[PDB]
2 protein chains.
Amino acid sequence: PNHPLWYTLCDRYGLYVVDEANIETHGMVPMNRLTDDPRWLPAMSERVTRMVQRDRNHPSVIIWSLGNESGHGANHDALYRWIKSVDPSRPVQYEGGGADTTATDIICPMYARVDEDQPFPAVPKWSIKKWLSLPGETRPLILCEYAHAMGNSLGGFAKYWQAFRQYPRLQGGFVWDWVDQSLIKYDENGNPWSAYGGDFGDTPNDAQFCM
Amino acid sequence: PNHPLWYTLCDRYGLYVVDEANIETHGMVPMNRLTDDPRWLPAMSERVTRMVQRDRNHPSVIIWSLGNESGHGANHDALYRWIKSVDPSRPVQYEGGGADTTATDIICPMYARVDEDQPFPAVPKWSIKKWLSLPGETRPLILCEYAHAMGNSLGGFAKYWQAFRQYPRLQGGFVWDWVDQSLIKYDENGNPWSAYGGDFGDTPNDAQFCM
Ligand code: NA
Ligand code: NA
Ligand code: NA
Ligand code: NA
């Protein structure tokens, strides 16, 4: 959940917002170890319910998100239903566990390619055109993350947009991401320079992967 | 419907057959002028019902077809229902009127392309990958006709098969077609030569389009 003023600005300047609960357990093994554990349901539910209770009147918020990279747990299904019950005005999405589980109204993969499949075991990232028509599937597809803009990047960006425009159910996505997470540091001469992972003695760290 | 022996051979050698009613009114303007006329329902009903009564015991027949290029008329919906009722053992397909009407259990376009759309008014030919995911569509897609093998052709054939194998609901198609419809004529020397449209004094005619 963002600083309260962000939603007011989006309401006024006009930007569609996906409000996401502060829940990410990426480092767990497997990713859903905690989210599928009934003992963590209470902590998770407050992160979802208190978000909804705070931002439910903002017109800019058009979609609720259960969080990020926490696999797919029964806690997600429970909280998904909680929202649908409390606020039927907004669709609920969540990418964890395969991007098309029972906890999301929208097929929302991260980095699924336009034409090329990535048949990872359990959590495959199908070509987005193919994903749409898998037997039984009918939901819309909007990538929660795509076109990773790390450094000299965004190659193949036009391929996505040609697809978004030709396929009615391919409704876009959110580029990753807006601003480099670099921090300022000063050399002996007092001159500032852009720093990243490990430049503060922090270790282990993931170097430039924060930009 | 073919010579009765054809089905016996397909039963024994093993070939899946699409048994098609002898109904094509391509030359009408518009194409469904007769098929939407209840006065031609009796004549059309006999061509469909008598086909089913004759061939319903052949295992090789797995799909019934209401005919070809006769647009889409109410007579089609009526006969489609008649078959579903008397023989639920086989799906029913028909391409007229857009290839995805209420008269077909299978999206069966002719010459629809793999990635390229052909947005003709009323009866568009969407790219087959896109056709599958159109809002609300759930049926399987099998081209009743594709890869027109006229003369030096079949360029791009590989493109269809790459698509057929990547998309579960793209289940193939029927190439058009098997054998050139050329006829044997004899020159002065008495040597035989392959003849086509117009070589018999027939006029108007469509020349080599029969091969
Ligand atoms: Na679209
Ligand atoms: Na990163
Ligand atoms: Na297929
Ligand atoms: Na022809």
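Counting starts at 1 for both ligands and their atoms, following the listed order. Chain naming here is simple, since letters A, B, ... match the order of the sequence lines and numbering starts at 1 in each.
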- Can you find a heavy atom in the side chain of A:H26 that is under 4.5 Å from one in the side chain of A:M31? yes

- Query: Mind checking whether the Na ion (ligand 3) has an N, O or S of B:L170 under 3.0 Å?
  - Reply: yes

- Query: About how large, to 10 degrees, is the angle O of B:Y167, then the Na ion (ligand 3), then O of B:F164?
  - Reply: 90°

- How about B:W176: does one of its N, O or S atoms come closer than 3.0 Å to the Na ion (ligand 4)? no

- Message: Tell me if the centroids of the rings in B:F209 and B:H148 come within less than 6.0 Å of each other.
- Response: yes

- Is B:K84 salt-bridged to B:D105, cutoff N-O under 4.0 Å? yes

- Cation-pi geometry met for A:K185 and A:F200 (6.0 Å, 45°): yes

